[PDB]
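Student: Need coordinates for the below:
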Amino acid sequence: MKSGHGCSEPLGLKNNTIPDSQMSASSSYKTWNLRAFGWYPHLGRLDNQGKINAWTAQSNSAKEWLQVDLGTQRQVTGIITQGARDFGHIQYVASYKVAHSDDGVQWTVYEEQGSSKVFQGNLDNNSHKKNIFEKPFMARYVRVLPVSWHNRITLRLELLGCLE
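Tutor: Numbering: from 1, shown residues only. Next comes the structure:
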C-alpha cells in the first residue's frame, strides 16, 4: 500500500553501490596514466571520505576529457554536478560538452542553439546543480569534454535514474 514518488536515484549511493568502474577520464591531477590505474576518479559521490569530492584534470587543459562507462543500459531521469577546490582555492568548470550514448555510437550532446550548444555553467564548487527529467532515456556510456574552466578543471558529473 505504498507509492514511489522519487524518480531521481543515484548510481552507487542507494542500492546499486556501483564500484570504481563507472567514471573514468583521460588523466587526473594525480600525475598521469601509465601502467595500472593511475587516476583516482569516482569522487563526485557524496560523503566523500577524502575532501576533493570531485575529479580533476591532469594537464589542466581542454585536451582533458571525462567519460562514464555503464554497460548496464539504464534510463536516466536527471543529473547532478558539483565542483571542487584545492585545499582552499575554489575551482570549477564552466563550458563543457557532455553527451550521452545508449548504443555507444549515438552521442547525444543535447543541442539547443540549433547546431550543438555545449553545457555551460560554473555553479561554483560549494553549490550543486541537478536537472529534472526534462528528457529521460536509456544510456550505456557518456562522454564529456570541458573547454572553458575556472581556476582548475575540478568537478564531478553524476547521472540520476528512475530504475523503472
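Student: since we're on residue 75, how many residues are nearby?
Tutor: The number of residues packed near residue 75 is 14, by other CB atoms under 10 Å. Every residue, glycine included, has its C-beta placed from N, CA and C.
Student: With residue 106 instead?
Tutor: By other CB under 10 Å, the burial measure for residue 106, its neighbour count, is 10.
Student: Please report how far it lies from residue 88.
Tutor: For residue 106, the distance to residue 88 equals 42 Å [CB to CB, to the nearest Å].
Student: cool, residue 96 as well?
Tutor: From residue 96 to residue 88 the distance is 23 Å (CB to CB).
Student: more crowded one of the two?
Tutor: Taking other CB under 10 Å, residue 96 and residue 88 do not tie; residue 96 has more neighbours (22 against 5).
Student: which of the residues in stretch 99-119 are buried?
Tutor: 99-102, 107, 109, 118-119 (16 or more other CB atoms under 10 Å).
Student: do stretch 54-61 as well
Tutor: Buried, per 16+ other CB under 10 Å, within stretch 54-61: 54-58.
Student: Max pairwise distance over the buried residues of stretch 99-119: which two?
Tutor: 102 and 118 (20.2 Å; CB to CB).
Student: What's opposite residue 69 in the beta bridge?
Tutor: residue 141 (DSSP bridges).
Student: count of neighbours near it?
Tutor: 14.
Student: how close does it sit to residue 133?
Tutor: Taking CB to CB, one finds residue 69 at 22 Å from residue 133.
Student: cool, residue 47 as well?
Tutor: With the distance defined as CB to CB, residue 47 ends up 25 Å from residue 133.
Student: So between those two, which is more surrounded?
Tutor: residue 133 (16 against 6).
Student: Surely that one touches residue 77?
Tutor: Yes. Using CB atoms under 8 Å, residue 133 makes contact with residue 77 at a distance of 3.8 Å.
Student: does the closest residue to residue 59 other than its chain neighbours sit in a helix or strand, and which one?
Tutor: Excluding its sequence neighbours, the residue lying closest to residue 59 (CB to CB, 6 or more residues apart in numbering) is residue 27, at 6.8 Å. Secondary structure assignment for residue 27, by DSSP states H and E: no helix or strand.
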